[PDB]
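Have a look at the structure below before the remarks.
Every read-out reported here was derived from the displayed coordinates using simple, explicitly stated rules and does not represent laboratory data. With ideal geometry, Cβ positions are generated from the backbone for all residues, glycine too; neighbour counts draw on all protein chains shown.
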Amino acid sequence: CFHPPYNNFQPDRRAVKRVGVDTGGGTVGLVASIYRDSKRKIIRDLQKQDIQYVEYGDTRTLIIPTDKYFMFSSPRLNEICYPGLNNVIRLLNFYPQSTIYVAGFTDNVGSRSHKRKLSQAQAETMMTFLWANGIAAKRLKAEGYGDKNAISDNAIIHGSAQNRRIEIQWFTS
Amino acid sequence: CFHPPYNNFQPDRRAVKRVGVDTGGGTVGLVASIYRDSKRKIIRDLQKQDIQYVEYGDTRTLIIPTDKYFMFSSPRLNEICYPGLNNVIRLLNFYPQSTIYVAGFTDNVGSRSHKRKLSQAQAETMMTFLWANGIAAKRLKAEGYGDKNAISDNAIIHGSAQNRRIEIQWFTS
Amino acid sequence: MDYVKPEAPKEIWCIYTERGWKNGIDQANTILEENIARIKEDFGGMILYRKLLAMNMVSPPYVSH
Amino acid sequence: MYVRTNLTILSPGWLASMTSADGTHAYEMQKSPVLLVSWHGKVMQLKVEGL
Amino acid sequence: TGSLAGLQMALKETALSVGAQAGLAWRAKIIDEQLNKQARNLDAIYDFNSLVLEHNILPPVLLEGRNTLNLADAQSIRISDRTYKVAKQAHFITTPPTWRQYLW
Amino acid sequence: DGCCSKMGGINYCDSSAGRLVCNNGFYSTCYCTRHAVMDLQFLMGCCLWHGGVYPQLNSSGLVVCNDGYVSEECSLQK
Amino acid sequence: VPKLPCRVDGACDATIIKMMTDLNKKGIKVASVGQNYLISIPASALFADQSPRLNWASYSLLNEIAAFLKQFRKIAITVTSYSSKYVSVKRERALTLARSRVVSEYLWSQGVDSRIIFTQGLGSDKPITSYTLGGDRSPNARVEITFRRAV
Amino acid sequence: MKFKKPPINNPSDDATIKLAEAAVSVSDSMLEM
Amino acid sequence: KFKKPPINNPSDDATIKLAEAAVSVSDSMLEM
Amino acid sequence: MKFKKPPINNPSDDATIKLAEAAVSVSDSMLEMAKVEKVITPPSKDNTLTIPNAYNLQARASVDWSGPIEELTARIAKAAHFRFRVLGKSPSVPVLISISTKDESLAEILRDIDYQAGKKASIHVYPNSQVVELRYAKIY
Amino acid sequence: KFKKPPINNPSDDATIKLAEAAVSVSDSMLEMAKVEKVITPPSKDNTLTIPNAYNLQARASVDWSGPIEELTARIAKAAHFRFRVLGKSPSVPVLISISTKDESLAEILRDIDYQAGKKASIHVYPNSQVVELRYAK
């Protein structure tokens, strides 16, 4: 079956469950499996949760809100939102040659050293979670920027909520 | 039969009365006897009177209120409450190897020497009552603490009533 | 803010009762905003005092016992 | 108002105060229908009628 | 009252006036019975007879306050550590006082 | 109504703590005097944190507190 | 009377008796002497084999215990963890401290209205039983939560 | 497994509560002097 | 066949405290 | 291809909006003035000298307290198995503290209390005698 | 099976902003207190240490609010010591206040020295069994 905290970092044998409830037809179980392990349904599942995906050229980017995937003002990872993290591992499993950059961003409230240190901690936590699921250490790099290059306006409430985020970029070659 | 003041410190032949009123059936008299000489009904009878029993690990403790088992402000033993004392002897008859500690506690009203002396007197009286029912002198020890380590709050009436007590601890080995 | 429960009480009655409801809500929000300004005044004035005492433009109070 | 208690009065501000040997406090203050007190690290309110 | 959907007596005082007196008298009786039951303990506790001075003089009554502060107005405060006051003065008596003039 | 339910019923009101005592030796959750520690955080009335309502009767609807502040909030509108 | 509260909120005597009875049948020991209360939990129902990692299903038990603790009024709680002897004194002192830290954090995350929570881990220093044959299955590897009911 | 705590006395009167509370303070003032 | 308790016995958790206070005050009186 | 932007939280109250807007301005005023005070008078000494640590000062605590200082310090000393001592006379206007932390050691709890006491009281720890000592200031 | 979220969690984009502002303000208070507070090193602290003689470990119970000389003389007499005074008593006497239920005489002496301040000092000689109160010039 499935162990809810990260399945002991083992790949879950997901397809056999569908082909067991459908043989308990084999062809219908194979069609349901080959639909849900495809890339577009995984992309739609990240769309169903609060994670944004942007593809432009051969550069791909994931945008993750710290509001739902971290506990408040800490580098601890929020354990109720494990389906999103498992879907991130499943999507990242499709590109086994590229290099990964993870970058952390906060808003403008507080002191500068505080913002930089919190960003660095959160980026390292997400990089460590990526490394512990099988990805080799030579493919990864984490960086924490402060309020360096924002994407919304910090003088309003919703845009300031949209500014606190984690960026994941990766190439193809 | 039964002599109400302590049966002249003799073990009362209790089972024969039940098997005489039931033969006057033998099997029903044996089932009633083997139920009421069991440990759980004796524990429930101390529960029916005002005596508390606590078991945790291999240490066992009896809590006795001086309010019902002593006369007021004296080391004299209250003779109307003899069923509870007989049940204490019956329960203590089951552990013939352990050593016994009896400790006495009062509340906070009065002088310190008065509290200590009254505690010491009450603990000795209960130890002497235990020794006179057959238990050897090398298995017993009595100590009287004052208001040393209370279990309730002394600034309120019911908790102060709950603080005046006798503690009996014993081991297994 | 101060609360006392008011227990002291049809073609076009509903719309104007509703408009009065909106007016009361807007008035309460305005009152709260002035209160916020007042607390900000007291705290900011004291904080500014600490900065000017540090930068040596005011004198401290002198006390005798 | 003259208030006799052994809690600690925090908010409305008193004019004079005395203490006994066992820890009872006595306060003289201006009239107000509410008092803010600290019990054991917890802030709460006491309600005064009859004013 | 409430929301948009929510918006969209002489026997009274005669009942209170007969209830207050009956409750007061009944509780007064019960208080007196409890006082009369415990009459020897209160005599042992409030033993005025063994506080009397040499020529049958009742001792004076003194009051104590500790850790005193007064904020007289803005710009002035006065503090003290202890204060002692003579509330009542000594005098001759013929009989000692008893608890019954206070508690009954 | 039922204070000491699944216990023996009400024994008495302990006024030193302001609580009822059940017929086993447990303190109840019910209060029995007004000088008990209740955790009051929400109070009604107006001119709180001032002196209360200055009790003159006014021709207009203004409500004035005992320290000169005027409650515009409890005042009736025109 | 209609506007004063009539009891401490969210609390009922039948609910206290019901939950205490259910916890004692499940196996968590709940005891009361005077006004002091003790809850004793075996370590096997909470942790893995001597690691400070909770199972996913034991959070229901911690939720049940938090729902019990919200029924009272209190000032301080103490959580202490004890284990059994494996390698040295230091390894289980660190283990018990980590276990108590995690458990008291989840209890503080839920809404227990205490002013102080103290946490300590004593290692394998104070055994309540001379039978030391189990590992983490032993009855003397446990966590104990003690408090005093205030007024 | 009915839970019970040992001292269960007769019911008390609040006058006796107040008198007892006054008497304890009289007694330890007396002790000190 | 029968024993009775004392007729004025402090069978009340407020009365008990009252009687203890009454004992200690008179003890202090003998010492003074 | 439904379009969505990531932070979708619960709805907000405009009172909380106004409160947040006031709090941000208070916060950077505090930050700027604290920078100025640090620049003007640089501190030289640390209270690790007066409060060193020991074994069984490493038990941990999480605390929410809003009262006078003395009872809380007594609770910490009792949890640390130390004797508690008071020097000087308590003032008539009480010394109030306010601590709201989560999971820190008892030595740091005492050091934070020592910093909040300011010019009114001080904390000293003697580990060889196992004594926590709180002394009041000779003011008034 | 179940892992609920924290009950008072900032799950609101205005409430969030309020809580970090509350974090940063308290950070600034700790910084200001650390700059402003003055301490003394434990080497040069002018307070009389505990003299650890055998006679000064006896327990006592003292209520006093008055002059320093009488109380120190009684403490010395209770410890079977001698007592001597060096200096001149001022016009306004030095007033202390001691209220304890259970305390040893050495720390009572330590509190006497702390409360005396700069005007007087207490010295203990344990070989020649004496305590000495020295005034300030």
Legend entry - Any hit, region B:115-130, residues being over 30 Å from G:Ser138 (Cα atoms), in contact with a helix residue (DSSP H, G or I) (Cβ under 6 Å, 6 or more places away or on another chain) and surrounded by 17 or more Cβ atoms within 10 Å (Cβ to Cβ): no
Legend entry - Of the criteria (1) part of a loop (DSSP other than H, G, I, E, B); (2) at the interface with chain J (Cβ under 9 Å from one of its Cβ atoms), which one K:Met29 fails: (1)
Inset, instruction - Using the structure shown, decide if E:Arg27 is within 14 Å of chain J (Cβ to nearest Cβ) and surrounded by 10 or more Cβ atoms within 10 Å (Cβ to Cβ). - result: no
Inset, instruction - Could you please find all residues in region J:53-98 being farther than 23 Å from D:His25 by Cβ, within 9 Å of another protein chain (Cβ to nearest Cβ) and surrounded by fewer than 16 Cβ atoms within 10 Å (Cβ to Cβ)? - result: J:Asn56, J:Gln58
Inset, instruction - Return yes when E:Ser76 is within 14 Å of chain J (Cβ to nearest Cβ), more than 22 Å from H:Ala15 (Cα to Cα), surrounded by 11 or more Cβ atoms within 10 Å (Cβ to Cβ) and among the polar types (S, T, N, Q) and no when it is not. - result: no
Inset, instruction - Could you tell me which of the residues G:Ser40, G:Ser32, G:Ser104 is of a type in the set (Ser, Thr, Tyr) and over 30 Å from F:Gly8 (Cβ atoms)? - result: G:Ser104
Legend entry - Selection within region G:4-40 - in a strand (DSSP E or B) and within 19 Å of H:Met1 (Cβ to Cβ): G:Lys29, G:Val30, G:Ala31, G:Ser32, G:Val33, G:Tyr37, G:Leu38, G:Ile39, G:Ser40
Inset, instruction - Just need a number here: residues in region G:120-151 that are part of a strand (DSSP E or B) and farther than 19 Å from G:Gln50 by Cα. - result: 5
Inset, instruction - Tell me, yes or no, whether region A:133-142 has at least one residue that is within 13 Å of the chain's Cα centre (by Cα), in a loop (DSSP other than H, G, I, E, B) and farther than 20 Å from K:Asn9 by Cβ. - result: yes
Inset, instruction - Pull up region B:113-123, narrow it to residues that are more than 12 Å from I:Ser24 (Cβ to Cβ) and of a type in the set (A, V, I, L, M), then point me to the one that is farthest from the other protein chains (Cβ to nearest Cβ). - result: B:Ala123
Legend entry - Identity of the residue in region C:30-65, among the small types (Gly, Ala, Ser) and part of a helix (DSSP H, G or I), that ends up farthest from the other protein chains (Cβ to nearest Cβ): C:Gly45
Legend entry - Scope region G:81-101; condition under 13 Å from J:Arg60 (Cα atoms) and either buried (at least 19 other Cβ atoms within 10 Å of the Cβ) or among the charged types (D, E, K, R) (or both); matching residues: G:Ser81, G:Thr96, G:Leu97, G:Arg99, G:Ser100, G:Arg101
Inset, instruction - Find the strands (runs of 3 or more DSSP E) located wholly in chain F whose residues include 2 or more that are within 11 Å of chain H (Cβ to nearest Cβ), and list them. - result: F:10-14, F:19-22
Legend entry - Residue identified as surrounded by 14 or more Cβ atoms within 10 Å (Cβ to Cβ) and in contact with a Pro (Cβ under 6 Å, 6 or more places away or on another chain) among F:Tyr54, F:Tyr12: F:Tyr12
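Which one of B:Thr59, B:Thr66 is polar (S, T, N, Q), closer than 21 Å to I:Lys3 by Cβ and out of contact with any helix residue (DSSP H, G or I) (no Cβ under 6 Å at 6 or more places or on another chain)? Break it down stepwise before answering.
On the way: B:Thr59 fails: closer than 21 Å to I:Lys3 by Cβ.
None of the other options fit; the residue is B:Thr66.
On the given criteria, is K:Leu105 away from chain J (no Cβ under 13 Å), in contact with a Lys or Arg (Cβ under 6 Å, 6 or more places away or on another chain) and not charged (D, E, K, R)?
Considered against the rule, which asks whether it is away from chain J (no Cβ under 13 Å), in contact with a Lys or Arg (Cβ under 6 Å, 6 or more places away or on another chain) and not charged (D, E, K, R), K:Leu105 comes out as no.
Matching residues to (1) buried (at least 19 other Cβ atoms within 10 Å of the Cβ); (2) assigned to a helix (DSSP H, G or I); (3) not acidic (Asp, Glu):
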site: G:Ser60; (1), (2), (3): no, yes, yes
site: G:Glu64; (1), (2), (3): no, yes, no
site: G:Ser104; (1), (2), (3): yes, yes, yes
site: G:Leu107; (1), (2), (3): yes, yes, yes
site: G:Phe118; (1), (2), (3): yes, no, yes
Legend entry - Qualifying positions in region G:16-55 - of a type in the set (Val, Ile, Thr) and either over 20 Å from G:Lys70 (Cβ atoms) or more than 9 Å from every other protein chain (Cβ to nearest Cβ) (or both): G:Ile28, G:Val30, G:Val33, G:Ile39, G:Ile41
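Report those helices (runs of 4 or more DSSP H) wholly inside region B:1-112 carrying at least 3 residues which are within 14 Å of chain G (Cβ to nearest Cβ) and surrounded by 15 or more Cβ atoms within 10 Å (Cβ to Cβ).
It comes to none.
Consider region G:66-102. How many of its residues are more than 14 Å from chain K (Cβ to nearest Cβ) and part of a helix (DSSP H, G or I)?
Residues meeting the conditions: 14.
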Legend entry - So C:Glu41, is it within 22 Å of C:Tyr3 (Cβ to Cβ) and surrounded by fewer than 11 Cβ atoms within 10 Å (Cβ to Cβ): no
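Would you call B:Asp153 among the acidic types (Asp, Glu) and part of a helix (DSSP H, G or I)?
no
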Legend entry - Selection from region I:1-21 of residues that are part of a helix (DSSP H, G or I) and at the interface with chain H (Cβ under 7 Å from one of its Cβ atoms): I:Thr15, I:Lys17, I:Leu18, I:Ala21
